[PDB]
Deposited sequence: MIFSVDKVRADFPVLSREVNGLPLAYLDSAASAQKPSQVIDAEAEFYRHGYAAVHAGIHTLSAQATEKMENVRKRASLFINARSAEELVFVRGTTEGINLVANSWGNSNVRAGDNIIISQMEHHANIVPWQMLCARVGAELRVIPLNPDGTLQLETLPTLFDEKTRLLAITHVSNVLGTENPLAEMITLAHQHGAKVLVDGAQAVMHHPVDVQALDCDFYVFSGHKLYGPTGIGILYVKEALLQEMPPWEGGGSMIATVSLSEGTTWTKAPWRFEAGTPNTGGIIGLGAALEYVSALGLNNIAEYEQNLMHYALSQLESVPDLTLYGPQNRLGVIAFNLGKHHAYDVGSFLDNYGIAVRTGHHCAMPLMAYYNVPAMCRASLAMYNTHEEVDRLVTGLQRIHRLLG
């Protein structure tokens, strides 16, 4: 079983006070707090084992630590091979890498690409720049009122010119989990590849990219209780070894000549130019170990119970509008009466409750719902029923005071 009190003991930030009051951090979807095991694994590497990667001993051990983290990450998402994983800055850079290296040589004038109306900007803007570069069309799967995809529109959007579906696994605003396996079957029937944005999935339940059969999969370390500046791009081996490089420089070359040109090295490493973020890679590996030791199924069970408790308690908040489906994961998007989200979040911060307010990097989603902004509370593995009670009580107080 899961013990939230033992877990919280690993997270030093949770002891913090904000505005004189004890912090209730309900913004893990924007970025997750990190346990001491992750923080110290990075610090200890800098303290005792630091060197540049790729003869001498510290450098050879550091190179081996980084390839071990690549292997551990590939097992964490059940990729066939460690060499199907590229180290990137985060989800955003991973998507841009695919959009340029794979997009520029596989999406031509007159083609189309399909995204959804709930996509994070990370999974919109690189496809808009790709379509502008090659003269292709960006198609959009629209939303239902309850925050799910209008799956009936897929036949009018998929045709023989559809090169790619780029789709979120779990919405960072609505908490909707999309039916990826079926959508990927449909997409593959047309010869379309599928990129999955998994930035909000990998911390809530197990993820298996062989079962999903996605062609690309991306996520960020810092939302997986890990350090900033590191993330993972998974690509099917057969596609990856055909993709050209994106960033150029050291470590991604085989030979460099000023008169005979330059040749590239083999995949993953062809896509990793310059000094890797070894500090972040070390912290990411520790983050995967820590999460695996708790067990993603145990995390999923505790988070689902906490979510059901929260949705039940929030029924006692007058004039509360929720957005998204009842079976959401991770986040609760809401607005309080007619009050602007900025004001609501500001009162909640004043009680020491951290929630995010604004467009959540999902402006088309906001426009679909005809609001400028939303509040969002995240309910992660280290959050408690008591913090939910503080959120409920605070919204009630804000309603009485401002109503």
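- Missing C-alpha coordinates mark the following deposited-sequence intervals, in order: 1, 56 to 57.
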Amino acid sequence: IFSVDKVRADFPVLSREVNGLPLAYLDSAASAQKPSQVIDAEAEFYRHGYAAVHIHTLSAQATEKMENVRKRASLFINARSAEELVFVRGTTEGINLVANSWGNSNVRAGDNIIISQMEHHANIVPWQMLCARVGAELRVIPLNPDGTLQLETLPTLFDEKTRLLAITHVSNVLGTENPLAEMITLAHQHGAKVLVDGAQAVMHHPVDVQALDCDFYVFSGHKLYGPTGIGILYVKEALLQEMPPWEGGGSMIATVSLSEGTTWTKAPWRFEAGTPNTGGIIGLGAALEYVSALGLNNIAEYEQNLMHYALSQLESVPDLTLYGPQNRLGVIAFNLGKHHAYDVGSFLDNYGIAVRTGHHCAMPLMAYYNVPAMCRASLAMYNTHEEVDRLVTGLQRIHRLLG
From here on, numbers count along this sequence of modelled residues.
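- Two stretches are in play, 88 to 96 and 236 to 244, and the higher mean C-alpha B-factor belongs to 236 to 244.
- As listed in the deposited structure, the average C-alpha B-factor of 276 to 284 and of 153 to 161 is greater for 153 to 161.
- Per the PDB entry, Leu320 shows the highest C-alpha temperature factor of the residues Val125, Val218, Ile167, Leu320.
- Considering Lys223, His121, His188, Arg72 together, the PDB entry gives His188 the largest C-alpha B factor.
- Looking at the C-alpha B-factors along this chain, the one for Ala354 belongs to the lowest third.
- The deposited CA B-factor of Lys65 belongs to the lowest third of values across its chain.
- The entry lists a Cα temperature factor for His56 that places it in the middle third of the chain's modelled residues.
- The deposited CA B-factor of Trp264 belongs to the middle third of values across its chain.
- Placement of the Cα temperature factor of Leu336 within the chain: highest third of the modelled residues, per the deposited record.
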